[PDB]
Amino acid sequence: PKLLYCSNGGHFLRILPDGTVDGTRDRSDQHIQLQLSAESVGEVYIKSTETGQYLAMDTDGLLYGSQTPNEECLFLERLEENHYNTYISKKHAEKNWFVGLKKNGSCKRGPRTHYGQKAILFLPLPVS
């Protein structure tokens, strides 16, 4: 069980009850506890422990909470220099579409992301 803290804006990734995805600075928020599960090595599912929803990216590059674990829900987890991870959509990997947060905490669409961006860097923080 983890938190994913984005160093752009300093937000924890949050999947809202209505399917929305964004970031919240508030560590006591109940929709930021996430469970990561692996299929292949380096391939993960990211699941809201509160609502049981899965993080997902659609075919136009945006993040939604999915009620179903489908192939839009697999991400490639990659360590980068300095301990943070990037999460690349497996289905759209060839387009370099990363899970991302803007500075103001709102989601970043897949086609508007790229390596080097602060928005794409997440620190996984194992919940006690």
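Residues numbered from 1 in each chain as written, not as in the entry; some residues may be left out. Heavy atoms only, no water.

The deposited coordinates, according to the entry record, derive from X-ray crystallography at 2.34 Å resolution.

Asks: Can you lay out unusual backbone geometry for me, pointing to particular residues and giving the numbers?
Replies: Of note, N82 is a non-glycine position whose phi angle comes to about 85°, a positive value. The residue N82 is located in the loop between β8 (74-79) and β9 (85-89) in this model. Judged by its relative accessible area of 63%, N82 falls in the exposed class. In this model, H83 sits at a positive phi of 80°, which is unusual for a non-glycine residue. Here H83 is to be found in the loop between β8 and β9. With a relative accessible area of 59%, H83 lands in the exposed category. (Helix = DSSP H or I, 4+ residues; strand = E, 2+ residues; numbered from the N terminus. Buried < 20%, exposed > 50% of the residue type's maximum accessible area, 1.4 Å probe, protein only.)

Asks: I'd like a rundown of the pattern of salt bridges, residues and numbers included.
Replies: Across all of its chains, the model carries 5 salt bridges by this definition. A salt bridge links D22 to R14; the nearest nitrogen and oxygen atoms lie 2.5 Å apart. A relative accessible area of 14% places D22 in the buried class. A salt bridge links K91 to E72; the nearest nitrogen and oxygen atoms lie 3.3 Å apart. Of the two residues, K91 sits in the loop between β9 and β10 (100-101) while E72 sits in the loop between β7 (63-66) and β8, which places them 19 residues apart along the sequence. For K91, a relative accessible area of 45% corresponds to the partly exposed category. Look at the salt bridges and you will find they share partners, linking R14, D22 and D29 into a network. (Salt bridge = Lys/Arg side-chain N within 4 Å of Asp/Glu carboxyl O.)

Asks: Go over the packing of aromatic side chains, please, and point to the residues and values.
Replies: One pass over the full model with this rule turns up 3 aromatic pairs. Taking 6.0 Å as the distance between ring centres and 75° as the angle between the ring planes, the aromatic pair formed by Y45 and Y54 counts as edge-to-face. Among the residues examined, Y54 registers a relative accessible area of 13% and is labelled buried. Taken together, a centroid distance of 4.7 Å and an interplanar angle of 80° make the contact between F98 and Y115 edge-to-face. Of this pair, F98 sits in the loop between β9 and β10 while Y115 sits in the loop between β11 (107-108) and β12 (122-126), and the two are 17 residues apart along the sequence. Residue classification places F98 among the buried positions, given a relative accessible area of 0%. (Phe/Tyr/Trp six-rings, centres within 6.5 Å; stacked < 30°, edge-to-face > 60°.)

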